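Scroll down for the structure; my scribbles are underneath it.
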Amino acid sequence: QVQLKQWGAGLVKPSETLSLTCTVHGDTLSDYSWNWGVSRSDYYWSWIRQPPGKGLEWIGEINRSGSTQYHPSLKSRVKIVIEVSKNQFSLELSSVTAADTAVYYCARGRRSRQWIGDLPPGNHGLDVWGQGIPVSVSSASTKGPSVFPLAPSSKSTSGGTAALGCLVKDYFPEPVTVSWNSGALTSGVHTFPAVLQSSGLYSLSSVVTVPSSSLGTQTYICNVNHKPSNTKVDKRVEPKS
Amino acid sequence: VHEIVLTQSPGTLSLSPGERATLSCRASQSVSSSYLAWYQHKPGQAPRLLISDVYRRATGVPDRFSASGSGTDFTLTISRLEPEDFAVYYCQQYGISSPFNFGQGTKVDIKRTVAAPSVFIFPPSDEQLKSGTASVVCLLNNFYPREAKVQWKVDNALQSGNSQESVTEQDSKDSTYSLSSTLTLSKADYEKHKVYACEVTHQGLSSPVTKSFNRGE
(Lines give C-alpha, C1' and ligand atoms only; values in the text may rest on other atoms or scores of the structure.)
Protein backbone atom coordinates (compact mmCIF):
# COMPACT_ATOMS: atom_id res chain seq x y z
CA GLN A 1 0.00 0.00 0.00
CA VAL A 2 0.97 3.60 -0.69
CA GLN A 3 2.50 5.53 2.24
CA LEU A 4 3.67 9.09 2.67
CA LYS A 5 6.93 9.76 4.55
CA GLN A 6 7.12 13.24 6.07
CA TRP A 7 10.28 15.24 6.58
CA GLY A 8 11.47 18.79 6.96
CA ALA A 9 12.24 20.92 10.00
CA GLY A 10 9.24 21.72 12.15
CA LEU A 11 11.11 24.46 14.04
CA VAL A 12 10.66 27.84 12.32
CA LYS A 13 11.46 31.28 13.67
CA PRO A 14 8.73 33.96 13.50
CA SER A 15 8.60 35.68 10.07
CA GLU A 16 10.70 32.96 8.41
CA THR A 17 9.59 30.19 6.01
CA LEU A 18 8.38 26.73 6.89
CA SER A 19 9.60 24.06 4.43
CA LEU A 20 8.18 20.53 4.56
CA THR A 21 8.55 17.66 2.12
CA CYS A 22 6.83 14.34 1.65
CA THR A 23 8.13 11.35 -0.26
CA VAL A 24 5.66 8.94 -1.83
CA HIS A 25 6.31 5.23 -1.20
CA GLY A 26 4.64 2.34 -2.96
CA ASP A 27 3.82 4.37 -6.08
CA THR A 28 5.73 6.64 -8.45
CA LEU A 29 4.86 10.10 -9.76
CA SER A 30 6.58 9.74 -13.18
CA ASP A 31 4.73 6.57 -14.26
CA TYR A 32 2.23 7.74 -16.86
CA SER A 33 0.95 4.22 -17.60
CA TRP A 34 -2.68 3.49 -16.71
CA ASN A 35 -3.26 -0.25 -16.93
CA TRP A 36 -5.76 -0.92 -14.16
CA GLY A 37 -7.63 0.92 -11.41
CA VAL A 38 -7.40 4.71 -11.42
CA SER A 39 -4.88 6.81 -13.23
CA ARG A 40 -2.12 8.37 -11.17
CA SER A 41 -3.21 11.57 -12.87
CA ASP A 42 -6.20 11.60 -10.48
CA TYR A 43 -4.04 12.00 -7.33
CA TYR A 44 -3.79 15.44 -5.72
CA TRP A 45 -0.87 15.71 -3.29
CA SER A 46 -2.16 17.79 -0.46
CA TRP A 47 -1.33 19.58 2.78
CA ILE A 48 -3.61 19.84 5.84
CA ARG A 49 -2.80 21.31 9.22
CA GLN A 50 -4.33 21.25 12.72
CA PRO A 51 -3.41 24.13 15.04
CA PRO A 52 -3.82 23.53 18.78
CA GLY A 53 -7.44 23.73 19.82
CA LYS A 54 -8.65 24.05 16.22
CA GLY A 55 -9.94 21.60 13.65
CA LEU A 56 -8.48 20.39 10.39
CA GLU A 57 -7.58 23.08 7.80
CA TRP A 58 -6.99 22.36 4.07
CA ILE A 59 -3.89 24.25 2.91
CA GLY A 60 -3.71 23.27 -0.75
CA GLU A 61 -2.67 20.68 -3.27
CA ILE A 62 -0.61 19.96 -6.37
CA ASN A 63 -1.03 17.53 -9.26
CA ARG A 64 1.88 16.05 -11.22
CA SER A 65 0.68 18.34 -14.05
CA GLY A 66 2.10 21.17 -11.93
CA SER A 67 -1.35 22.65 -11.26
CA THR A 68 -1.96 23.92 -7.72
CA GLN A 69 -4.95 25.04 -5.71
CA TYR A 70 -4.50 26.97 -2.46
CA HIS A 71 -6.65 28.04 0.45
CA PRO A 72 -7.63 31.67 -0.22
CA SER A 73 -6.81 32.45 3.63
CA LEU A 74 -3.21 31.86 3.06
CA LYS A 75 -2.70 32.12 -0.70
CA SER A 76 0.53 34.64 -1.16
CA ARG A 77 2.21 32.99 1.86
CA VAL A 78 1.78 29.49 0.50
CA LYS A 79 3.60 27.64 -2.28
CA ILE A 80 3.41 23.95 -3.07
CA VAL A 81 5.85 22.33 -5.49
CA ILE A 82 6.32 18.84 -6.89
CA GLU A 83 9.46 17.05 -8.08
CA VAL A 84 8.12 14.26 -10.25
CA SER A 85 11.53 12.59 -10.80
CA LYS A 86 12.13 12.40 -7.02
CA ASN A 87 8.64 11.22 -5.99
CA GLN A 88 8.41 14.24 -3.71
CA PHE A 89 6.29 17.25 -3.07
CA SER A 90 6.77 20.19 -0.73
CA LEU A 91 5.03 22.97 1.21
CA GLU A 92 6.60 26.42 1.73
CA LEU A 93 4.70 28.73 4.07
CA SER A 94 6.29 32.15 4.43
CA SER A 95 6.14 34.94 7.03
CA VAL A 96 5.06 32.55 9.78
CA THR A 97 3.57 33.68 13.09
CA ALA A 98 2.43 31.88 16.21
CA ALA A 99 -0.89 31.23 14.45
CA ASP A 100 1.01 28.82 12.15
CA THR A 101 2.05 26.49 14.98
CA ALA A 102 0.23 23.28 14.12
CA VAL A 103 0.65 19.64 13.12
CA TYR A 104 1.14 19.57 9.32
CA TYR A 105 0.05 16.49 7.36
CA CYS A 106 0.50 15.60 3.78
CA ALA A 107 -2.14 13.43 2.17
CA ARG A 108 -3.22 11.84 -1.10
CA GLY A 109 -6.44 13.31 -2.46
CA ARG A 110 -8.32 11.32 -5.10
CA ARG A 111 -10.67 12.66 -7.79
CA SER A 112 -11.64 10.04 -10.41
CA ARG A 113 -14.56 9.65 -12.76
CA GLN A 114 -12.99 6.96 -14.92
CA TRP A 115 -11.31 3.69 -13.91
CA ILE A 116 -10.41 0.18 -15.04
CA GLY A 117 -11.87 -2.76 -13.13
CA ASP A 118 -12.97 -1.94 -9.59
CA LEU A 119 -12.68 1.63 -8.29
CA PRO A 120 -10.75 1.28 -5.00
CA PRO A 121 -12.57 2.68 -1.97
CA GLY A 122 -11.58 6.21 -0.98
CA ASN A 123 -12.45 8.22 -4.11
CA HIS A 124 -13.28 11.93 -3.65
CA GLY A 125 -11.45 12.06 -0.35
CA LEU A 126 -8.04 12.30 1.26
CA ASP A 127 -7.44 8.56 1.58
CA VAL A 128 -3.73 8.23 2.55
CA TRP A 129 -2.14 10.45 5.20
CA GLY A 130 1.35 11.04 6.44
CA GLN A 131 1.98 10.87 10.16
CA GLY A 132 2.33 14.65 10.52
CA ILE A 133 5.14 17.01 11.47
CA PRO A 134 4.56 19.13 14.63
CA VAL A 135 5.61 22.65 13.66
CA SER A 136 6.56 25.11 16.39
CA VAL A 137 6.97 28.80 15.57
CA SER A 138 9.55 30.14 18.07
CA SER A 139 12.81 32.08 18.18
CA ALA A 140 14.10 29.89 21.01
CA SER A 141 17.28 27.86 21.38
CA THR A 142 17.42 24.55 23.24
CA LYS A 143 16.83 25.21 26.94
CA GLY A 144 16.11 22.98 29.93
CA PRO A 145 13.23 23.65 32.30
CA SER A 146 13.12 25.21 35.70
CA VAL A 147 11.02 23.07 38.04
CA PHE A 148 9.05 24.83 40.75
CA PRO A 149 6.84 23.34 43.43
CA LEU A 150 3.05 23.69 43.58
CA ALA A 151 2.84 23.18 47.31
CA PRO A 152 -0.13 22.34 49.52
CA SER A 153 -0.96 24.70 52.39
CA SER A 154 -3.13 24.47 55.47
CA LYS A 155 -5.97 26.27 53.73
CA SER A 156 -5.87 24.06 50.66
CA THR A 157 -5.78 20.69 52.51
CA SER A 158 -8.61 21.30 54.96
CA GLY A 159 -11.21 19.29 53.05
CA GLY A 160 -9.22 16.04 53.40
CA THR A 161 -7.62 15.96 49.98
CA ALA A 162 -4.34 17.66 49.10
CA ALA A 163 -3.21 18.74 45.67
CA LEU A 164 0.44 19.13 44.92
CA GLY A 165 2.44 19.48 41.73
CA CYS A 166 5.40 20.73 39.75
CA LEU A 167 5.45 23.68 37.39
CA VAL A 168 7.88 22.78 34.57
CA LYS A 169 8.74 26.16 33.11
CA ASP A 170 10.56 27.69 30.16
CA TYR A 171 11.97 24.79 28.18
CA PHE A 172 12.52 24.17 24.48
CA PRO A 173 11.85 22.12 22.34
CA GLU A 174 9.28 19.54 23.29
CA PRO A 175 9.06 17.07 24.98
CA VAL A 176 9.51 16.70 28.68
CA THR A 177 8.54 13.65 30.68
CA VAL A 178 7.23 13.83 34.24
CA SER A 179 6.83 11.02 36.75
CA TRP A 180 6.07 11.01 40.47
CA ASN A 181 8.04 9.04 43.06
CA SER A 182 10.10 7.40 40.28
CA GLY A 183 6.95 6.13 38.59
CA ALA A 184 5.41 4.53 41.66
CA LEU A 185 2.71 7.22 41.98
CA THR A 186 0.30 7.10 39.01
CA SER A 187 -3.20 7.25 40.47
CA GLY A 188 -4.63 10.76 40.48
CA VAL A 189 -1.76 12.25 38.50
CA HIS A 190 -2.58 14.75 35.76
CA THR A 191 0.24 16.00 33.56
CA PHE A 192 -1.18 18.79 31.42
CA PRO A 193 -0.31 19.43 27.78
CA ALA A 194 2.44 21.97 27.32
CA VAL A 195 1.63 25.52 26.19
CA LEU A 196 3.98 27.44 23.90
CA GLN A 197 4.19 30.78 25.68
CA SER A 198 4.53 34.15 23.97
CA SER A 199 8.21 34.04 24.96
CA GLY A 200 8.63 31.12 22.59
CA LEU A 201 9.30 28.70 25.42
CA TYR A 202 7.09 25.85 26.69
CA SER A 203 5.53 25.39 30.08
CA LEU A 204 3.36 22.79 31.73
CA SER A 205 2.26 21.65 35.14
CA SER A 206 1.89 18.17 36.56
CA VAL A 207 -0.35 17.64 39.60
CA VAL A 208 -1.51 14.83 41.82
CA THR A 209 -4.19 14.63 44.49
CA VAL A 210 -3.68 12.51 47.60
CA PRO A 211 -5.27 12.18 51.04
CA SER A 212 -4.19 15.16 53.14
CA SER A 213 -2.95 12.86 55.90
CA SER A 214 -0.43 11.26 53.52
CA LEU A 215 1.46 14.55 53.58
CA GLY A 216 2.63 13.45 57.05
CA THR A 217 3.74 9.95 56.06
CA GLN A 218 4.69 10.02 52.36
CA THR A 219 7.34 12.02 50.48
CA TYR A 220 6.34 13.38 47.04
CA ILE A 221 9.00 13.96 44.37
CA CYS A 222 8.42 14.91 40.75
CA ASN A 223 10.98 13.53 38.30
CA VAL A 224 11.42 15.73 35.23
CA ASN A 225 13.50 14.77 32.18
CA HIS A 226 14.22 17.02 29.17
CA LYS A 227 16.25 14.93 26.76
CA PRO A 228 17.06 17.75 24.26
CA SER A 229 19.06 19.62 26.90
CA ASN A 230 20.24 16.54 28.87
CA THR A 231 18.42 17.97 31.90
CA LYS A 232 17.13 15.72 34.67
CA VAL A 233 15.49 17.24 37.77
CA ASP A 234 13.99 15.68 40.88
CA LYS A 235 12.01 18.16 42.92
CA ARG A 236 10.65 17.32 46.39
CA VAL A 237 7.31 19.08 46.92
CA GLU A 238 6.79 19.88 50.61
CA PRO A 239 3.82 21.28 52.51
CA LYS A 240 4.36 25.04 52.62
CA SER A 241 4.46 26.83 55.95
CA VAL B 1 -17.65 34.56 -0.63
CA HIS B 2 -16.08 32.13 -3.11
CA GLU B 3 -15.91 29.17 -0.69
CA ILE B 4 -18.26 26.57 0.84
CA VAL B 5 -18.26 26.34 4.66
CA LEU B 6 -19.47 23.34 6.70
CA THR B 7 -20.92 23.59 10.19
CA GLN B 8 -21.13 20.50 12.37
CA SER B 9 -23.50 19.73 15.23
CA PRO B 10 -23.51 19.07 18.05
CA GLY B 11 -20.10 20.37 19.21
CA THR B 12 -19.82 17.46 21.66
CA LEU B 13 -21.94 14.32 21.63
CA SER B 14 -21.86 12.47 24.97
CA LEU B 15 -22.80 8.78 24.79
CA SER B 16 -22.14 5.32 26.20
CA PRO B 17 -20.55 2.33 24.47
CA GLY B 18 -23.24 0.44 22.60
CA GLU B 19 -25.39 3.46 21.79
CA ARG B 20 -26.18 4.92 18.35
CA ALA B 21 -24.39 8.18 17.47
CA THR B 22 -25.83 10.62 14.91
CA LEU B 23 -23.50 13.41 13.75
CA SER B 24 -24.72 16.29 11.56
CA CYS B 25 -23.02 18.48 8.97
CA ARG B 26 -24.61 21.49 7.27
CA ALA B 27 -22.90 23.00 4.21
CA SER B 28 -23.37 26.67 3.32
CA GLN B 29 -24.13 25.68 -0.28
CA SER B 30 -25.53 22.55 -1.86
CA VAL B 31 -22.98 19.78 -2.33
CA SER B 32 -23.50 16.55 -4.26
CA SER B 33 -23.07 13.45 -2.09
CA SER B 34 -20.28 12.51 -4.51
CA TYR B 35 -18.21 15.24 -2.83
CA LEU B 36 -19.01 14.98 0.89
CA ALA B 37 -16.44 13.06 2.95
CA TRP B 38 -16.16 12.13 6.64
CA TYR B 39 -13.00 11.62 8.72
CA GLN B 40 -12.09 10.31 12.19
CA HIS B 41 -9.36 11.87 14.26
CA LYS B 42 -8.06 10.23 17.45
CA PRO B 43 -5.54 12.38 19.47
CA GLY B 44 -1.96 11.46 18.60
CA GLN B 45 -2.84 9.79 15.32
CA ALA B 46 -3.27 11.02 11.77
CA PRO B 47 -6.82 11.65 10.49
CA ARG B 48 -8.52 8.69 8.83
CA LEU B 49 -10.98 8.77 5.96
CA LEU B 50 -14.24 7.00 6.90
CA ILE B 51 -16.74 7.74 4.13
CA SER B 52 -16.60 9.37 0.70
CA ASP B 53 -18.15 9.34 -2.82
CA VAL B 54 -21.89 8.72 -2.23
CA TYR B 55 -21.63 7.32 1.30
CA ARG B 56 -19.08 4.56 0.47
CA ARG B 57 -16.93 3.21 3.31
CA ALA B 58 -13.19 3.64 2.90
CA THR B 59 -10.83 0.73 3.16
CA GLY B 60 -10.72 -0.85 6.60
CA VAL B 61 -13.82 1.00 7.86
CA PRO B 62 -16.28 -1.33 9.62
CA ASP B 63 -19.94 -1.71 8.87
CA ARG B 64 -21.19 0.22 11.89
CA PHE B 65 -20.19 3.47 10.08
CA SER B 66 -22.70 4.79 7.56
CA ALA B 67 -23.66 8.11 6.04
CA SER B 68 -26.61 9.83 4.39
CA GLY B 69 -27.92 13.19 3.27
CA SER B 70 -28.32 15.52 0.32
CA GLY B 71 -28.54 19.20 -0.51
CA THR B 72 -26.92 20.95 2.42
CA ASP B 73 -27.66 18.48 5.25
CA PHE B 74 -25.50 15.40 5.85
CA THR B 75 -25.37 12.79 8.59
CA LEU B 76 -22.72 10.31 9.83
CA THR B 77 -24.21 7.44 11.87
CA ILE B 78 -22.35 5.03 14.13
CA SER B 79 -24.94 2.33 14.73
CA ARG B 80 -23.40 0.93 17.95
CA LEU B 81 -20.43 2.75 19.51
CA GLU B 82 -17.30 0.78 20.38
CA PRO B 83 -14.77 2.12 22.89
CA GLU B 84 -12.36 2.96 20.03
CA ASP B 85 -15.02 5.22 18.41
CA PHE B 86 -14.79 7.96 21.03
CA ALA B 87 -12.91 10.44 18.89
CA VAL B 88 -13.40 13.67 16.90
CA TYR B 89 -15.18 13.49 13.53
CA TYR B 90 -14.94 15.94 10.61
CA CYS B 91 -16.95 16.36 7.47
CA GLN B 92 -15.40 17.90 4.34
CA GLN B 93 -16.49 19.09 0.91
CA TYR B 94 -13.99 17.39 -1.39
CA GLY B 95 -13.99 17.58 -5.18
CA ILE B 96 -16.33 20.24 -6.54
CA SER B 97 -15.19 23.64 -5.20
CA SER B 98 -11.73 24.70 -4.03
CA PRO B 99 -10.99 25.25 -1.15
CA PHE B 100 -11.99 21.82 0.20
CA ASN B 101 -12.91 22.91 3.71
CA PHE B 102 -13.61 20.76 6.73
CA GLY B 103 -16.32 21.27 9.32
CA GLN B 104 -15.16 22.38 12.73
CA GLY B 105 -15.46 18.88 14.22
CA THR B 106 -17.79 17.03 16.60
CA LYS B 107 -16.25 15.32 19.60
CA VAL B 108 -17.90 12.09 20.75
CA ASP B 109 -17.05 11.65 24.45
CA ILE B 110 -18.12 9.21 27.18
CA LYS B 111 -21.30 10.14 29.06
CA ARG B 112 -21.27 10.14 32.86
CA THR B 113 -23.01 11.94 35.74
CA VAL B 114 -22.26 15.60 36.36
CA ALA B 115 -19.22 16.01 38.65
CA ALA B 116 -18.16 19.34 40.07
CA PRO B 117 -14.44 20.13 40.08
CA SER B 118 -12.42 20.23 43.20
CA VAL B 119 -10.52 23.52 43.03
CA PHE B 120 -7.02 24.31 44.32
CA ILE B 121 -4.96 27.48 44.08
CA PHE B 122 -1.15 27.67 44.28
CA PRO B 123 0.93 30.80 44.89
CA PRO B 124 4.22 31.35 43.09
CA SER B 125 7.01 29.47 44.79
CA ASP B 126 9.73 31.37 46.58
CA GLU B 127 12.16 29.70 44.15
CA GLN B 128 10.41 31.22 41.12
CA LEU B 129 10.12 34.63 42.73
CA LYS B 130 13.92 34.71 42.93
CA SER B 131 13.61 35.27 39.14
CA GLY B 132 11.57 38.05 37.60
CA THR B 133 8.28 36.22 37.11
CA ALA B 134 5.41 34.89 39.16
CA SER B 135 3.09 32.09 38.06
CA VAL B 136 -0.18 31.57 39.94
CA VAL B 137 -1.87 28.24 39.23
CA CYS B 138 -5.51 27.20 39.61
CA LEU B 139 -6.35 23.46 39.30
CA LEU B 140 -9.86 22.18 38.48
CA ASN B 141 -9.71 18.47 39.27
CA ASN B 142 -11.91 15.65 37.95
CA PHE B 143 -15.02 17.37 36.58
CA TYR B 144 -17.69 16.54 33.99
CA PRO B 145 -18.84 17.83 31.54
CA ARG B 146 -15.92 19.60 29.96
CA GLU B 147 -17.44 23.10 29.86
CA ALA B 148 -15.98 25.23 32.67
CA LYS B 149 -15.19 28.88 33.26
CA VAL B 150 -12.25 30.20 35.28
CA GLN B 151 -11.83 33.89 36.14
CA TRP B 152 -8.82 35.40 37.91
CA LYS B 153 -9.18 38.37 40.28
CA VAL B 154 -6.26 40.31 41.79
CA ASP B 155 -7.30 42.57 44.67
CA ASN B 156 -10.87 42.00 43.41
CA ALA B 157 -9.89 43.26 39.93
CA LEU B 158 -10.91 40.94 37.10
CA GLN B 159 -7.93 39.86 35.00
CA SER B 160 -7.90 39.55 31.24
CA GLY B 161 -5.25 38.48 28.74
CA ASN B 162 -2.64 37.21 31.22
CA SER B 163 -3.77 33.60 31.74
CA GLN B 164 -3.67 30.35 29.79
CA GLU B 165 -5.64 27.11 30.23
CA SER B 166 -4.68 23.51 29.60
CA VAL B 167 -7.05 20.54 29.77
CA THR B 168 -6.50 16.76 29.97
CA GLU B 169 -8.12 14.14 27.78
CA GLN B 170 -11.08 12.34 29.29
CA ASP B 171 -9.90 10.03 32.07
CA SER B 172 -9.96 6.31 31.27
CA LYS B 173 -11.08 5.29 34.79
CA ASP B 174 -13.66 7.92 35.77
CA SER B 175 -14.45 9.73 32.51
CA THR B 176 -13.69 13.19 33.96
CA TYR B 177 -11.60 16.12 32.75
CA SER B 178 -9.05 18.23 34.62
CA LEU B 179 -7.91 21.74 33.82
CA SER B 180 -5.11 24.09 34.82
CA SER B 181 -5.29 27.86 34.55
CA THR B 182 -2.01 29.73 34.93
CA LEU B 183 -1.84 33.47 35.62
CA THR B 184 1.50 35.06 34.68
CA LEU B 185 2.59 38.36 36.28
CA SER B 186 5.90 40.10 36.68
CA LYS B 187 7.37 39.74 40.14
CA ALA B 188 6.99 43.51 40.57
CA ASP B 189 3.28 43.34 39.78
CA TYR B 190 2.83 40.27 41.98
CA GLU B 191 4.42 42.00 45.00
CA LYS B 192 2.16 45.08 44.53
CA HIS B 193 -1.07 43.19 45.28
CA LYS B 194 -2.47 41.13 48.15
CA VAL B 195 -5.53 39.00 47.28
CA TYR B 196 -5.19 36.36 44.55
CA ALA B 197 -8.35 34.47 43.64
CA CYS B 198 -9.61 32.08 41.01
CA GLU B 199 -13.39 31.80 40.57
CA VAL B 200 -14.81 28.68 38.92
CA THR B 201 -18.22 28.21 37.26
CA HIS B 202 -19.40 24.70 36.36
CA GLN B 203 -22.72 22.84 35.95
CA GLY B 204 -21.91 20.75 39.06
CA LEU B 205 -21.60 23.90 41.26
CA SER B 206 -24.77 25.57 42.60
CA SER B 207 -22.88 28.88 42.57
CA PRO B 208 -19.27 29.71 41.63
CA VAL B 209 -16.46 28.46 43.89
CA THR B 210 -13.62 30.85 44.74
CA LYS B 211 -10.23 29.76 46.06
CA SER B 212 -7.93 32.53 47.20
CA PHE B 213 -4.76 33.37 49.08
CA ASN B 214 -3.24 36.54 50.48
CA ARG B 215 0.34 37.08 49.34
CA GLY B 216 2.74 36.49 52.23
CA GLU B 217 0.20 35.14 54.72
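Chain A is the first sequence line, chain B the second, and so forth, proteins listed ahead of strands; every chain is numbered from 1.
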| field | Basic-acidic side-chain contact under 4.0 Å: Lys169(A), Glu127(B) | value | no
| query | Side chain, backbone, both or neither: which part of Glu61(A) has an atom under 4.5 Å from a heavy atom of chain B? | reply | side chain
| In residues 153-163 of chain A, which residues are in contact with chain B at a heavy-atom separation under 4.5 Å? | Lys155(A), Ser156(A), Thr161(A), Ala162(A), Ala163(A)
| remark: Listed by number, the residues in residues 35-42 of chain B that come under 4.5 Å of chain A (heavy atom to heavy atom) are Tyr35(B), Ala37(B), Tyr39(B), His41(B)
| Under the 3.5 angstrom rule, does the side chain of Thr59(B) hit a backbone N or O of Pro121(A) as a donor-acceptor pair? | no
| query | Rounded to the nearest 0.5 Å, what separation is found between the OG atom of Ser97(B) and the CD atom of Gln69(A)? | reply | 9.0 Å
| message | Pairing donors with acceptors under 3.5 angstrom, does anything connect the side chains of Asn142(B) and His190(A)? | response | yes
| Under a 4.5 Å heavy-atom cut-off, does chain B meet the side chain of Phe192(A), its backbone, both or neither? | both
| query | Considering only heavy atoms from C-beta outward, does the side chain of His71(A) approach that of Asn101(B) to under 4.5 Å? | reply | yes
| What residues of residues 178-191 of chain B sit under 4.5 Å from chain A when you count only heavy atoms? | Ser178(B), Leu179(B), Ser180(B)
| query | Where is the tightest heavy-atom contact between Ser205(A) and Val137(B), given as atom of each residue plus distance? | reply | OG-CG2, 4.3 Å
| Between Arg110(A) and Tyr94(B), does any side-chain donor sit less than 3.5 Å from a side-chain acceptor? | no
| Min side-chain heavy-atom separation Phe102(B)-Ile48(A) under 4.5 Å | yes
| message | Only heavy atoms, only distances under 4.5 angstrom. Which residues in residues 144-151 of chain A are near chain B? | response | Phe148(A), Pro149(A), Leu150(A), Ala151(A)
| request: Tell me, for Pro52(A) versus chain B, whether the close heavy atoms (under 4.5 Å) come from the side chain, the backbone, both or neither. | output: neither
